[PDB]
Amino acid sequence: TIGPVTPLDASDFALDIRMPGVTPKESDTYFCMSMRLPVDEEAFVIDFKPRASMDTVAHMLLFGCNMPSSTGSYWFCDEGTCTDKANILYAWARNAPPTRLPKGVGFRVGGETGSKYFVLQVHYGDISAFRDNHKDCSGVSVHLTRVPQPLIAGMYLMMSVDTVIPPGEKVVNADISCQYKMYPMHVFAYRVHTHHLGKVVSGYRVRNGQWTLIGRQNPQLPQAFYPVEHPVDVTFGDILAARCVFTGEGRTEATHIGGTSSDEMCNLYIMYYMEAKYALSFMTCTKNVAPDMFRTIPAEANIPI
């Protein structure tokens, strides 16, 4: 080994979270493994270094989850592994170099209310190179500290629950909105998720009837975290709003929200930071509290990228 925990700086350490020498049989194999945080006190994730085999690795995801495993182990996993409401800490996709965390920012783990386990999912797409039966140890090295950080990263997940897409309908809009009523968050990156019917997903902060884009992306592109130009402050009274556009073309019956590939999802993951003393690591919106606000949604919410 050397070990999974290594020192760095004065009072920091690194957790190498790798696959334990896997060799996948079929292509488009999803493997998971997990590791425990080696301290029980409050600590902060302040960086991620991808250690991926450009050969065969399509994507990696790191979740703050709560799935203990034996130190050798790995297993077949799918999208729902850490639920509905998965706390993604890091995504990596081939051909979408991800973005660093902003200076002073880290994810708050351990303690009485943080994650004690990290779960890593690695997608092996093209398995040409396992012709030869070598073991792959792809993954992420995570820079941890016990030194309090002034800014705390979190995730605001917007998702639709009761959308229905009729067969052959060229356009169905799944709309999501909630008023924001916390201390200020600063949005710096976003990720979108639909299945194959999704055409475009967009999210906005609306303040005083004025729409500010957070992000807009094709969900059929690599589902990584994309940066936000300038961060968007969201603040008490603001409304977060999102629209996924679906088509029914090429379907025979209606499509509902669900986990399988013949079902659909509309998820927008908004990654933010907050000042340490007011911070929440996770918020959720599953409602549409301001449906009529969508009269003024920019037209490009309905235009595929």
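Position 1 is the first residue in the sequence shown; the rest follow in order.
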property: Stretch with the higher entry mean CA B-factor, where the candidates are 295-303 and 3-11; result: 3-11
property: Greater mean Cα temperature factor according to the PDB record, 274-282 or 50-58; result: 50-58
property: Top residue by Cα temperature factor, when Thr194, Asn133, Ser141, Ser202 are compared in the entry; result: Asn133
property: Residue with highest C-alpha B-factor in the PDB entry, from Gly259, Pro38, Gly64, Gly237; result: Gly259
property: B-factor third for the C-alpha atom of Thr212 within its chain; result: lowest
property: Chain third (lowest, middle, highest) by recorded CA B-factor, residue given as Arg146; result: highest
property: CA B-factor placement of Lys116, once the chain's modelled residues are sorted into thirds; result: lowest
property: Third of the chain, ranked by Cα B-factor, where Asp175 sits; result: lowest
property: Within-chain third of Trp92 by Cα B-factor, per the entry; result: middle
